[PDB]
Amino acid sequence: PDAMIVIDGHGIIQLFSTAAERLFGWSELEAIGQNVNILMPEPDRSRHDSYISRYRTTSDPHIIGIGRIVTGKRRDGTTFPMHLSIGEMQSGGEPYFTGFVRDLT
Ligand code: HEM
Ligand SMILES: [Cl-]
Ligand SMILES: [Cl-]
Ligand code: NA
Ligand code: NA
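In the deposited numbering, the protein residues as written are 153 to 257.
Right under this line is the structure:
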């Protein structure tokens, strides 16, 4: 029953499920088009794009297919513990990443 989020190869949100709206505080329309780093606190925020670049040029996963409990940040600035699972998919020869987010609250 997790929240689902999809981003492109550059970290830009492409889909934001209903549950993601309730969890993070942004509407689907607002989230789409924004970098996924708006959902996290520092230092991950400023480093997330590097996380993605690192994976695309090495193909060495740290969270994909592994999973981790991390800290997410709501629209009102408050942080919470969440479990994160990530998958990779191709469409039109382009990479997209699918994320499942479980609020551990
Ligand atoms: C909401 C808070 C999130 C946090 C705190 C977060 C945190 C992180 C961290 C810590 C890493 C690097 C881990 C390491 O190098 O050991 C990472 C990697 C990654 N993140 Fe995020 N992330 C979040 C959400 C997402 C979402 C929703 C997606 C996908 C839709 C996403 C996609 C990725 C990708 C593609 C990687 C690189 C693959 C890998 O390293 O295995 N992240 N993230
Ligand atoms: Cl997992
Ligand atoms: Cl885990
Ligand atoms: Na938007
Ligand atoms: Na894990």
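No residue lacks a Cβ here, since even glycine has one placed at the ideal position from N, Cα and C.
- Not one heavy atom of ligand 1 is found less than 8 Å from the C-beta of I164.
- Around the CB of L181, fewer than 16 other CB atoms lie within 10 Å, so the residue is classed as exposed.
- In the same chain as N189, and ignoring 5 residues on each side of it, the C-beta atoms closer than 6 Å to its own belong to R197 and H200, in chain order.
- What you get when you keep residues with a C-beta closer than 5 Å to any heavy atom of ligand 4 is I184 and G185.
- Non-local beta-carbon contacts of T250 in its own chain, meaning distances under 8 Å to residues more than five positions away in sequence, involve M156, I157, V158, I238, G239, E240 and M241 in chain order.
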